[PDB]
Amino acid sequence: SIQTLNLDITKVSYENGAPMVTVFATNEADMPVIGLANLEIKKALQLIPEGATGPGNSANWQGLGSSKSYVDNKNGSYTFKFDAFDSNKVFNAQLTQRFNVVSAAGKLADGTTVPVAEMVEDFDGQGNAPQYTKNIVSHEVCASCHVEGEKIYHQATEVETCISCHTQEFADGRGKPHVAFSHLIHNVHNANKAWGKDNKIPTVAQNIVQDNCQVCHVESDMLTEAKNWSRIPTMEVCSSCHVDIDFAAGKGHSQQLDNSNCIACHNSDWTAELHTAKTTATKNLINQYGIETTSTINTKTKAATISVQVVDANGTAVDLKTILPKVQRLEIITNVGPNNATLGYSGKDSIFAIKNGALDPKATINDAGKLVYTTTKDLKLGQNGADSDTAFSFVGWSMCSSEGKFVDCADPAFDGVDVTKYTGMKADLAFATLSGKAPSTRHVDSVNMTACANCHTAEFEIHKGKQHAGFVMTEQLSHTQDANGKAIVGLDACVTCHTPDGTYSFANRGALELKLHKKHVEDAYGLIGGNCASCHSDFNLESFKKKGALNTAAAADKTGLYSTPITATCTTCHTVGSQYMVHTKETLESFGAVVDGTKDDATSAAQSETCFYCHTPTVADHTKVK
């Protein structure tokens, strides 16, 4: 029943010596929550100030104990006492006092379900507001990539709880400097050294975080120590990624025996700039130029002509001739039937209209300075229902770049493997109809690029390398808004290649309905698990009525096997015959499904599935049945 448990420390009194701490618990409606059985002060701490343990040294949380002893006051308030407060006799009323309060997920007596809740609050030594803090990050940055409300590795769900246990005192006591949170946190996302008894190399963490300080260190008016990432250089933290320096021995660096002089040479401006220089320069390059793309069908030849207008940062026309020698690639992929693409991967129209400053002979720049390209593949417009009246064209492009500048592509044969030599630019999408009626467009209301950008950043150059320019997904290809009038950046353009017939092979589950699920259930399950909300605002179950067969397997002879579309969509994570699927192939067929059959059988059965008679999936609970 309870969706969110709010916790406030409303009162701290030292009038009896050891503090009495009152917590007030409210639900999402701000109603008092009575009967909490698993409330605890997980840690009582006080803040040793910046520099007190030595010149250049970090502020530290000194341990004062913990408590599970509390009275339920029957009004939403709970009052803690400490049986053994400050066992080390270090309590100092001149220091900031911190309390880390946790409520374990569980159930009240009446059976009301209660979610986990965690918080910290800081005070002075009399229970008033604090005079100074160590507020550098907030839990929210972790939720960008780790499912909110789930434990991150172990122990807790919020970074402040991690910080309250993984203290300098904790690390010193175990003779393990590396388990201090300010070392650990960088260590577990950086592949320069392994961590844990089993020496995990953080290959995946490294691939996502890419040492980008700004995914966790965010400037914030609520966090007065947010600039500590550049302002407090110490061998203890800087060594977490810089693993080959021995400061003591002067190996990899001049000898340093303490943190006294780090800041004298490692000025905040330099530390901040050097660690963010390349992502900032790339983002600046991406935002220099745009494209505006149109498509028309010649009603007699039934070929689409795509026109690309380059524009500058202010939406002002740039003649493509003026920048052609710096255009590394421009690719146009055209498919048909945006709700159920009809040409497959092999049948799609595709061209590198530009490669390393050279126009393909099939592409021209007109006197208006636009690129013009006409499809050559049969688009089969109108040959598969009303949806097949619409051709949709995905434009991806890249410009040659070195050290934050656009450069001439000096090498015609440059293969696009070295991604330091070019920038993927903003991709576009253009619709055209044979009939001259308004085009169909695919739904974009269930998943969008904002979800992707949480883990991959808004500057994600998708497929950048030898095969592709790299697609940057922006409002350039938005054709609808959400309830609040924000432009939706959909992945509808991706269907040009991620077709119901799959991609280059019938074996890859290349259909967009399957591919993102396949990739992320295999490689991102530690981050996502069953958390559909990581990509989905909702499920568009109505879209299934516009789908046909979906490619789900390759037969022995390399030909395509297909499933009815709901079965195909669910089976990506619930493989038939595996421990992840209770329904046998026979049972799925009894519910109207075709499972890895012919395209004709799957197509004929595509609207015969009874799955949604029983299954009532929501993003909150996709497992829900009658």
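All residue numbers are counted from 1 along the displayed sequence.
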Assert higher mean C-alpha B factor (218-226 or 328-336, deposited values) equals 218-226
Quick check on the record: does 193-201 or 305-313 carry the larger mean Cα temperature factor?
193-201
For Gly424, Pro130, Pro233, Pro361, the deposited C-alpha B-factor is largest at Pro361
Comparing recorded Cα B-factors across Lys74, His443, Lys89, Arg98, which one is largest?
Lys74
Where the record places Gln46 (Cα B-factor, split into thirds across the chain)
lowest
Can you work out whether the C-alpha temperature factor of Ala605 puts it in the lowest, middle or highest third of the chain?
middle
By the record's CA B-factor, is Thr623 among the lowest, middle or highest third of residues in the chain?
lowest
C-alpha B factor of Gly385, ranked within the chain: lowest, middle or highest third?
highest
With respect to C-alpha B-factor, does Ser13 fall in the lowest, middle or highest third of the chain as deposited?
middle
